[PDB]
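Residue numbers (the deposited numbering), protein chains in the order written: chain A, 2 to 214; chain A', 2 to 214. A prime marks a further copy of an entry chain.
2 protein chains.
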Amino acid sequence: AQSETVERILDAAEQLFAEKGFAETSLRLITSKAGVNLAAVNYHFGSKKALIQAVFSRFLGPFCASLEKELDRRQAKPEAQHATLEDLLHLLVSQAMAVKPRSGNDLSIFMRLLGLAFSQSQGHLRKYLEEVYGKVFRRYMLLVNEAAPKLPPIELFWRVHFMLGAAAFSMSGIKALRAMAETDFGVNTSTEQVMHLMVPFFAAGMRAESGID
Amino acid sequence: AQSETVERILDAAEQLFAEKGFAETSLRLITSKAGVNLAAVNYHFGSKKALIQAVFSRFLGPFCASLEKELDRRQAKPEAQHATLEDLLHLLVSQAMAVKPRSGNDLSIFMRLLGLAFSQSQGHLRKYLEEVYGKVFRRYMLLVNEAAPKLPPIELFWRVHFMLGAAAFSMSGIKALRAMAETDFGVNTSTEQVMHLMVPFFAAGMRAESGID
């Protein structure tokens with residue numbers, strides 16, 4: 002109820018932001034959609050940026066907690082050897098699958114919002130996500146750096162974003178894409194099946210010869 | 002002026018759709034932003050779907066005309082041998098670079114709109130784009146099919162969409178991503194440089210071993 006006031010606000014915000022983007026979604030629209038008063042939004046968040054940050058954290062909090070625990074667990078193994086790109090990419094997939102569903106469209110909505118964070122240049126969010134989750138992500142990225150052939154760092158940056166974009170687009174558009182596949186091929190491909198298909202594609206892309214000559 | 006009434010409408014629509022998405026953009030908002038009357042929108046387009054279709058065609062029309070001419074030209078060569086994945090992917094990049102700039106952000110806006118076509122399940126547009134550009138695209142895709150190792154067709158479908166998503170995300174978010182690269186690495190990476198970096202990444206991904214076992 003205190004929990005639920007916050008949940009109703011975050012559910013309203015996450016749906017509206019995913020539908021309309023950040024700029025076009027007001028706090029008063031979120032308030033009316035959440036069925037709470039504006040003071041509740043003021044109390045719990047205090048600004049649109051803080052509410053955007055909290056919507057992200059409701060997804061990334063459990064994910065990163067769980068990813069960190071699993072890295073710790075895998076690196077504590079007595080016979081632990083270095084993760085391969087496929088290991089590391091599968092790890093992220095298994096971790097995303099492990100996140101307790103809320104909307105039942107959780108990965109797609111996260112990825113929709115992630116793309117909007119880029120297209121609406123949400124610098125504040127980049128700073129926040131660094132401040133809160135930067136440790137585990139830096140740790141993960143170093144393992145990816147190590148598992149791939151040596152690349153110019155700037156090229157590594159772009160290839161990581163190619164992976165992220167492929168994932169974000171596929172998941173953001175997963176309803177349309179699964180409808181297309183049903184129409185064109187007569188199959189249902191599941192969201193977890195799609196994520197597993199990304200793995201060989203991404204691993205090979207990461208290992209490709211440099212395009213900086 | 003008749004040309005320019007249509008251009009003012011399409012400029013307004015393309016910017017608003019890119020900013021707010023299709024559902025939240027009305028024809029009356031487009032009309033007021035374009036500085037024309039509603040009757041002009043009625044005359045030239047007649048519906049929101051037709052206006053969405055025309056916004057796409059203003060990008061794809063010249064692109065596909067030029068892609069078709071270049072395929073015809075390359076396949077007319079007396080000593081013409083089969084295009085490799087890198088050839089074909091570079092071809093699309095060179096063709097995108099050749100499109101005469103309008104906004105100066107043309108590729109990014111096209112790609113923003115393309116992602117919105119998926120996230121807002123614009124079936125009408127899929128049907129229209131087929132009807133108008135399906136010939137040249139089918140032709141191109143067959144060459145890609147042929148240039149890659151044999152894959153389950155459903156896996157080929159997903160890998161093509163991974164390529165498209167990586168491209169669409171990168172270009173849609175190119176302002177944010179170039180700002181990030183400037184901050185993190187002190188470089189300007191140009192949009193054409195980014196597209197060329199996708200090529201080895203995509204070619205290798207397309208060639209990766211199947212993830213269907």
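A virtual CB, placed ideally from N, CA and C, is assigned to each residue, including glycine.
Could you check whether residue j and residue i sit closer than 8 angstroms to each other, using their CB atoms as the reference points?
i, j, result
"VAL42 (chain A)", "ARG9 (chain A)", "no"
"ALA182 (chain A)", "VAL188 (chain A)", "yes"
"residue 216 (chain A)", "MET112 (chain A)", "Lying outside 2 to 214, the shown extent of chain A, residue 216 (chain A) is not represented and no answer is given."
"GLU71 (chain A')", "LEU92 (chain A')", "yes"
"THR6 (chain A')", "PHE18 (chain A')", "no"
"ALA13 (chain A')", "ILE31 (chain A')", "yes"
"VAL133 (chain A')", "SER58 (chain A')", "yes"
"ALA204 (chain A')", "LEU86 (chain A')", "yes"
"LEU126 (chain A')", "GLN54 (chain A')", "yes"
"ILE155 (chain A)", "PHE202 (chain A')", "no"
"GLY166 (chain A')", "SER95 (chain A)", "no"
"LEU130 (chain A)", "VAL56 (chain A)", "no"
"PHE163 (chain A')", "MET199 (chain A)", "yes"
So which residues on chain A' does residue i lean against when the C-beta distance must stay under 8 angstroms?
i, result
"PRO154 (chain A)", "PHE186"
"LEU114 (chain A)", "Result: empty, since nearest Cβ-Cβ is about 11 angstroms, beyond 8 angstroms."
Is there at least one Cβ from chain D nearer than 8 angstroms to residue i's Cβ?
i, result
"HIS162 (chain A')", "Absence of chain D from the displayed structure is noted, the protein chains being A and A'."
At a CB-CB cut-off below 7 angstroms, which residues of chain A' make contact with residue i?
i, result
"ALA167 (chain A)", "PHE163, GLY166 and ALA167"
"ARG208 (chain A)", "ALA205"
"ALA182 (chain A)", "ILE155 and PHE158"
Return the chain-ordered list of same chain residues with a C-beta closer than 8 angstroms to the C-beta of residue i, the five sequence neighbours on each side being excluded.
i, result
"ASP107 (chain A)", "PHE60 and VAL100"
"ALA81 (chain A)", "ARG75"
"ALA97 (chain A')", "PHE64, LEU108 and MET196"
"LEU157 (chain A')", "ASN146 and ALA149"
By Cβ distance below 7 angstroms, which residues in the same chain neighbour residue i in space, the five residues on each side in sequence not counted?
i, result
"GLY22 (chain A')", "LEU117 and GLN121"
"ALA149 (chain A)", "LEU86, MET207 and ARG208"
Can you list, in chain order, the residues of its chain with a C-beta nearer than 6 angstroms to that of residue i? Leave out the 5 residues immediately preceding and following it.
i, result
"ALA169 (chain A')", "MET112, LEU115 and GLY116"
"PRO102 (chain A')", "none"
I need the boundaries of the alpha helix (DSSP H) containing residue i, first residue and last residue.
i, result
"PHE138 (chain A)", "124-148"
"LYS21 (chain A')", "3-21"
"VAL94 (chain A)", "86-99"
"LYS50 (chain A')", "49-77"
"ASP185 (chain A)", "175-186"
"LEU152 (chain A')", "Here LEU152 (chain A') belongs to no alpha helix (DSSP H), and DSSP marks it neither H nor E."
"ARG103 (chain A')", "From DSSP, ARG103 (chain A') is part of no alpha helix (DSSP H); its letter is neither H nor E."
"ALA41 (chain A)", "39-45"
Can you name the residues of chain A' whose CB is closer than 9 angstroms to the CB of residue i?
i, result
"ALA177 (chain A)", "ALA118, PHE119, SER120, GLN121, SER122, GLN123, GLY124 and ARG127"
What does residue i reach in chain A if we use C-beta pairs closer than 8 angstroms?
i, result
"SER173 (chain A')", "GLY116, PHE119 and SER120"
Which bits of chain A does residue i rub up against, with CB to CB less than 7 angstroms?
i, result
"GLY212 (chain A')", "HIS197, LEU198, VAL200 and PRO201"
Interfacial residues, the stretch 63-94 of chain A to chain A', with Cβ spacing under 7 angstroms: none
With 8 angstroms as the C-beta to C-beta threshold (strictly closer), list the residues of the stretch 193-205 of chain A near chain A' in chain order. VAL195, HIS197, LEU198, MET199, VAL200, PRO201, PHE202, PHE203, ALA204 and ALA205
With 7 angstroms as the limit, tell me which residues of the stretch 103-134 of chain A' have their beta carbon closer than that to any beta carbon of chain A; keep them in chain order. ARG113, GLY116, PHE119, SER120 and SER122
So if I threshold CB-CB distances at 9 angstroms, which residues from the stretch 15-37 of chain A' count as touching chain A? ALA19, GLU20, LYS21, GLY22, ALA24 and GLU25
Please list the residues of the stretch 4-15 of chain A that have a C-beta atom closer than 8 angstroms to any C-beta atom in chain A', keeping them in chain order. none
Going along the stretch 41-63 of chain A' in order, which residues come within less than 7 angstroms of chain A, judged by CB to CB distance? none
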